[PDB]
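Provided below as structure tokens are two forms of one protein chain, presented individually as structure 1 and structure 2.
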Structure 1
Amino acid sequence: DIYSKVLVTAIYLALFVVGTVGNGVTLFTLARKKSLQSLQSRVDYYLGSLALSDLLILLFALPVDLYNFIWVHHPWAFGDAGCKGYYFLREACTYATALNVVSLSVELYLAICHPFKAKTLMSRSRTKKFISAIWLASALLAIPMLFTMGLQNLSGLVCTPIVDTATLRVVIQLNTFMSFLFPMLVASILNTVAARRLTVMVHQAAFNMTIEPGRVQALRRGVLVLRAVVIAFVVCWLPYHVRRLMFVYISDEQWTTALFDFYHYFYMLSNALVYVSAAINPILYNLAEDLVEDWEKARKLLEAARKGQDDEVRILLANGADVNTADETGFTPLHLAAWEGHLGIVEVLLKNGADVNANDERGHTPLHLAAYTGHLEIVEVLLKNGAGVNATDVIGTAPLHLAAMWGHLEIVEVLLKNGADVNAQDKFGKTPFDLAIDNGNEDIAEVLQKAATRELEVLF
């Protein structure tokens, strides 16, 4: 069938031109990147390793494959070296890709399931040496293909196995388990266990009120990406490995003209999907970078708001940084801004739709911190943006309690004006008036007492 090959040629060229350029750009980008952050650099090395392996598959394996294996009528044009080299390089890359793919699964698992251990015990230098081992291990396990494959004349020349069927069955079965089955088994398990561990963390993190930490939200996106990579790897590589197992077992005697025509379709289809796996690789890079960038932007926003770098804050929000980013303890940037007393940074965030009634672990809102600080302008600002006046923490402490306790008469007058419940008291039973007396802020006590008595007059 002439048409079949013409259709395959078009698809191969399509995967070749964009896949080669696609992965080429990824390497060029990473090489010049000069990333300062550890997480960025750590991931980039793996993406580069995947970019390199998948580029080599498209640059060298595909052209040889297309000319001598798809268009079979051509005699072998690459000589004995080209035959042995083709299968060696092809085998080395399959391994490398599979090992890199599962290497992402252990790194995600470690990050999710051993956060304390991983954070401390992960360095850039550790990753470089680890990846070096993968390529070496792959190259070592690829060497056999230099000895198992060679040129035989059936007068034309064909790049065919030169060893006996028994020896051939072993090496490929070894390669199948080592470079696919084992990796994809581990990849699936580690992902599934990490996915379950993550789900607990999300439920543990978010309760009555704690929002959701940005770092968890990053890992929650992480599993979803690798979930796609494993499902993507299996559908693309299973047919290839299954075809190779068919070839070794379906050896001699039964090799009819008809059986080959069938196997040739399998060969076109199975290899096309391998080149698809190489061609979609740059999407994983884009998705990985998009995620890692969003995480860094969010970290920067929390750092900037605390530091009081108003210029930085604006820059980040302009480039779609998450306004409502909780830290480890559930602190939004508005908390940190209001805490440190950056009226400008507070105004900017609220303008970009910052959650005015966000809660931390202790249940503190931004207003609680502004009342503690005593910054009247921010308190006024927050209340204008619809901040809850009678919001209470775990202990039952409210803004009025904090203000009165620490002696901010202007804040106390402001809070009462916005419908603050003077009567409301904490778990210990103390009202603001009781706390004001306890601290001895007599000027404030008089201000509160009059309000309570006014409420009694209003009742009759």
Structure 2
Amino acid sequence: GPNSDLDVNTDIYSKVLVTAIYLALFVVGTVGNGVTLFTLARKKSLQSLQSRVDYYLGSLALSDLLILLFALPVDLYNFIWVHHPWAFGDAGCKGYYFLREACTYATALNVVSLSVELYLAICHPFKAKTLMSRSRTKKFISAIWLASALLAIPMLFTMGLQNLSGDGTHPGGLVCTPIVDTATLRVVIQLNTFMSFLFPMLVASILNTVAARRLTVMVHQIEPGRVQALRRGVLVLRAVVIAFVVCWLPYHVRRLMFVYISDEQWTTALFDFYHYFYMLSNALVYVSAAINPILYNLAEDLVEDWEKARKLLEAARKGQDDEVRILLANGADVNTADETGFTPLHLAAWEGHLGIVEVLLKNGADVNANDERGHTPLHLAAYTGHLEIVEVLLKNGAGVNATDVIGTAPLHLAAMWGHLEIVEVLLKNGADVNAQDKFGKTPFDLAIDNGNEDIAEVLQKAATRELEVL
């Protein structure tokens, strides 16, 4: 009767399991981040960059402890176990949601700032020696925390206490909930998804990628100890960014679900699903708070994974059949990619190396992997002129009508570069004889363009063959 509607109906097993995960993440997170904060505080580094990096890691540790010590216990009591009434008053309702929002901005901005300091260390060392200072980095970290508090102000006005009992008078129906319309709530949830998640993680990913490549080039073409440390920092920060994106995506999907699904679609089934989804997505938020100190400890492991992946790329290109076998057996990432977006399979198909292609596919290589322009291994094989690789690829389930950013299909590339044999085999496997690129060019048009009169003929024949169908 009085507060029946506010009942959540998650089974007791769920609550106990989630409580176990929450308490496990509480101790792992508090010990990990506590030890980090303590150590870094008592630490004095000769090298400016080491000091500056540690200031950022100290910020990340502080934000994590605030969520684990203050947010987690409140969440466990009032959102996992006792859904109504809210125990902690109006200020507690606003303070809880303010703290959580502000901590996401602080984490995101600390990660982006870290990725900028590393980028400059690697790509502008001489300017970085002068333009950077310990005391200026401290001032900037203060500005980050103030900016994070300012961006979280909307939660003070969007969240509050409401009595959702039948007639709004029963004390059991007193809940911490949004106190603004859906239109207003949509705006604030989108602000957080963009400015704490999508935008900052996209910028940290770009800076981290460019820094990693530039380090490889500046090494390939110095201080051994600096390169070793920078390579660890880049790879740790990459694991931090990936960990952040995986852990926060469900949370942002859940909040968008809350404002985008219409009343009519809110069945009890969907209501029931939501409160289970809440358990999973809030668990992953506490994983986010606990994982960074563990990632710092796996720095040498991350360098090894990276060394293996990069060795498989050279093995697959250079034509070292044996090297590829060994590296795969170890556990080297078969679907790793270089600066262009080429996987080992891309590099194998490009250079010939029928064997290495067969070995890679067998281990479970993505046959339809796209480089940054949308070229599949089948594109590369058609372009260079290797029939056996095309047959092997098609066999393993390669898309015959896969198109790049310009709308170039494999049949376009076979016809353009005078590969009659390949034109034949692609047609046989269901290649559209009149596929057009952005500019209306068919395989036939490209055959004639490059004075390939024999291949224009077979394509004419392929075209008239379609016409007889009707």
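Residue positions are counted from 1 along structure 1's sequence. C-alpha atoms forming the largest set that superposes within 1.5 Å between two forms make up the rigid core.
- Hinge residue, chosen from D393, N286, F69, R90: the C-alphas switch from fitting one rigid part better to fitting the other at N286 when the forms are compared between structures 1 and 2.
- Domain rotation between structures 1 and 2: smaller rigid part turned by 93 degrees relative to the larger, from C-alpha superpositions.
- Core superposition places the Cα of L36 4.5 Å apart between structures 1 and 2.
- For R244, the Cα deviation between structures 1 and 2 after core superposition amounts to 1.1 Å.
- Once the two forms are overlaid on the core, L402 shows a Cα shift of 59.8 Å between structures 1 and 2.
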